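Visitor: This is the structure I want to talk about, given as structure tokens.
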Amino acid sequence: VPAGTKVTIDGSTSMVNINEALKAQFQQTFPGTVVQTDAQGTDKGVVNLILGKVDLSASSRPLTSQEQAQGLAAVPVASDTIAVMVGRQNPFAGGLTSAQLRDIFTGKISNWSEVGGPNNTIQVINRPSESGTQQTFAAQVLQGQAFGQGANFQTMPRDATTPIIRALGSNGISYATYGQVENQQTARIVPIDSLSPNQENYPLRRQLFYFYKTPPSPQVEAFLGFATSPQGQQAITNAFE
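To get PDB author numbering, take the position in the sequence shown, counting from 1, and add 1.
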């Protein structure tokens, strides 16, 4: 890898830790290289990639046929699960079935008492449409149904988990990649169908990708060659804490 190689990344916030872990090992292994990272959400990365403003898009959902038709390709680098979370201050302590989870996010269930909590309105805190996590949750939970709307639904203006966690309060619910809530010191993870996101049969699972333009640029060839080598796999492993 020549000195002065620059790789630019945008896209998935779920993949921030993977981006940073690969950045760290890449520019330590190859002196004089630069990896620049941003994370405005999967769709924002795809837009920048199609317009040629970044070398790679991190994506937490699969490449679409329309995107592939513009000369894009994808490489999977990891997998994760999507946790459902409430605030540590929320007096609801239990779990949800998949049906209950869908009913909350469609608005059919709107009071915590319907799932065993107190008599309180549920505040649904949703990720914006550029979020690949939102797109995955819609596909795997809503299964063709639309998200609810109305006074008790809020879509955050930024695809970002920490502002969502702050907004949960004592009555809100949302979702995020498991690694960003795993230690439960900032939110409580809600088991789904009596399963927590570390379990193999936990239902909300997906691959994580880098998207790139074909034909690949030299800097993309260098970075993805590293990322898929054993050394790159070890760097990616460092993102899982």
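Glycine included, C-beta positions come from ideal geometry on N, C-alpha and C.
1. Keeping to the same chain, check which residues put their C-beta closer than 7 Å to that of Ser-218; ignore five residues upstream and five downstream.
2. With three or more beta-carbon pairs closer than 8 Å as the criterion, would you say the segment 71 to 86 touches the segment 172 to 184?
3. Expressed to the nearest angstrom, what Euclidean distance is found between the alpha-carbon atoms of residue 251 and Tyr-176?
4. What are the boundary residues of the alpha helix (DSSP H) that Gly-151 is part of?
5. Which stretch, first to last residue, makes up the beta strand (DSSP E) that contains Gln-144?
6. Can you find at least 3 beta carbon pairs, one from the segment 48 to 55 and one from the segment 2 to 14, that sit closer than 8 Å?
7. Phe-212 bridges to which residues according to DSSP?
8. Determine the extent of the alpha helix (DSSP H) in which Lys-109 is found, giving its start and end residues.
9. With DSSP as the reference, label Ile-123 as helix, strand or coil.
10. Looking at C-alpha atoms only, which residue of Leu-64, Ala-147, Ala-75 is the closest neighbour of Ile-105?
11. Using the three-state DSSP reduction, which class does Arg-167 fall into: helix, strand or coil?
12. Can you check whether the CB of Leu-205 is closer than 8 Å to the CB of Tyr-213?
13. Is it the case that the Cβ atoms of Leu-209 and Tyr-203 are separated by a distance below 8 Å?
14. Do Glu-131 and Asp-160 have their beta-carbon atoms positioned less than 8 Å apart in this structure?
15. Specify, as a first and last residue, the run of the beta strand (DSSP E) that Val-8 falls within.
16. Using the DSSP secondary-structure output, state which residues sit across from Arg-189 in a beta bridge.
17. Quick check: the Cα distance between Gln-29 and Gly-88, rounded to an integer number of angstroms?
18. Counting pairs of Cβ atoms below 8 Å between the segment 161 to 171 and the segment 64 to 73, do you hit three or more?
19. Taking only the alpha-carbon atoms, compute the straight-line gap between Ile-174 and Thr-215 and give it to the nearest angstrom.
20. In whole angstroms, what is the alpha-carbon distance linking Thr-34 and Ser-13?
21. Looking at the unbroken beta strand (DSSP E) that takes in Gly-226, where does it start and where does it end?
22. From the DSSP output, which residues share a beta bridge with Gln-155?
23. Tell me where the alpha helix (DSSP H) around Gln-37 begins and ends.
24. In this structure, how does DSSP classify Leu-50 when only helix, strand and coil are distinguished?
25. Under 6 Å Cβ to Cβ from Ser-61, same chain only, skipping five residues before and after it: list those, please.
26. Can you tell me whether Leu-97 is helix, strand or coil according to DSSP?
Guide: According to the data block:
1. By 1-based counting over the sequence shown, the position of residue 218 is 217. In chain order, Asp-56 place their CB closer than 7 Å to the CB of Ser-218, counting only its own chain and leaving out the 5 sequence neighbours on each side.
2. The segment 71 to 86 vs the segment 172 to 184: in contact.
3. Residue 251 lies beyond the stretch modelled for the chain, which goes from 2 to 242, so this question has no answer here.
4. Counting from 1 along the sequence shown, the entry for residue 151 is found at position 150. From DSSP, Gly-151 is part of no alpha helix (DSSP H); its letter is neither H nor E.
5. Your numbering for residue 144 matches position 143 in the sequence shown. Segment: none, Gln-144 is in no beta strand (DSSP E) and carries neither H nor E.
6. By the criterion of at least three beta-carbon pairs nearer than 8 Å, the segment 48 to 55 is in contact with the segment 2 to 14.
7. If you number the sequence shown from 1, residue 212 lands on position 211. Bridge partners of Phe-212: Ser-58, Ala-75.
8. Numbered from 1 along the sequence shown, position 108 holds the residue referred to as residue 109. Premise fails: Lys-109 is in no alpha helix (DSSP H) and is neither H nor E.
9. Start at 1 with the first residue of the sequence shown, and residue 123 comes out as number 122. Of the three classes helix, strand and coil, the one that applies to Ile-123 here is coil, per DSSP.
10. The count along the sequence shown starts at 1 and reaches residue 105 at position 104. The shortest C-alpha separation from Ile-105 is found at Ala-147.
11. The count along the sequence shown starts at 1 and reaches residue 167 at position 166. Three-state DSSP puts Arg-167 in a helix.
12. By 1-based counting over the sequence shown, the position of residue 213 is 212. By 1-based counting over the sequence shown, the position of residue 205 is 204. No; because the gap between Cβ atoms is not below 8 Å, this pair is not in contact.
13. Residue numbering aside, residue 209 sits at position 208 when the sequence shown is read from its first letter. Residue numbering aside, residue 203 sits at position 202 when the sequence shown is read from its first letter. It is not a contact, given that the beta carbons lie outside the stated cut-off.
14. Taking the first residue of the sequence shown as 1, we reach residue 160 at position 159. Taking the first residue of the sequence shown as 1, we reach residue 131 at position 130. Their beta carbons are under 8 Å apart, which means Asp-160 touches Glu-131 by this criterion.
15. Counting from one through the sequence shown, the residue named residue 8 turns up at place 7. Here the beta strand (DSSP E) through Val-8 covers 7 to 12.
16. In the sequence shown, the residue the question calls residue 189 occupies position 188. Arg-189 is bridged to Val-87.
17. Taking the first residue of the sequence shown as position 1, residue 29 is located at position 28. Taking the first residue of the sequence shown as position 1, residue 88 is located at position 87. If I take the Cα positions, the gap works out to 39 Å.
18. No, because fewer than three Cβ pairs between the segment 161 to 171 and the segment 64 to 73 fall closer than 8 Å, the two stretches do not touch.
19. Reading the sequence shown from its first residue, position 173 is the one you call residue 174. Reading the sequence shown from its first residue, position 214 is the one you call residue 215. Put simply, the backbone Cα of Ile-174 is about 40 Å away from that of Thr-215.
20. Start at 1 with the first residue of the sequence shown, and residue 34 comes out as number 33. Start at 1 with the first residue of the sequence shown, and residue 13 comes out as number 12. Taking the straight line joining both Cα atoms gives about 22 Å.
21. In the sequence shown, counting from the first residue as 1, residue 226 sits at position 225. Element bounds for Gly-226: not the beta strand (DSSP E) but the alpha helix (DSSP H), 219 to 228.
22. Position 154 of the sequence shown, counting from 1, holds the residue named residue 155. Looking at the DSSP assignment, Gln-155 forms a beta bridge with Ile-126.
23. Here the question's residue 37 lines up with position 36 in the sequence shown. That residue, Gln-37, is in no alpha helix (DSSP H); its beta strand (DSSP E) goes 35 to 38.
24. Counting from one through the sequence shown, the residue named residue 50 turns up at place 49. In the three-state reduction of the DSSP assignment, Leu-50 falls in the helix class, which pools H, G and I.
25. Stepping through the sequence shown from its first residue, residue 61 is reached at position 60. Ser-13, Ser-15, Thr-43, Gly-133, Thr-134, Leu-209.
26. Counted from its first residue, the sequence shown places residue 97 at position 96. Under the three-state reduction of DSSP output, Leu-97 falls in the strand class.
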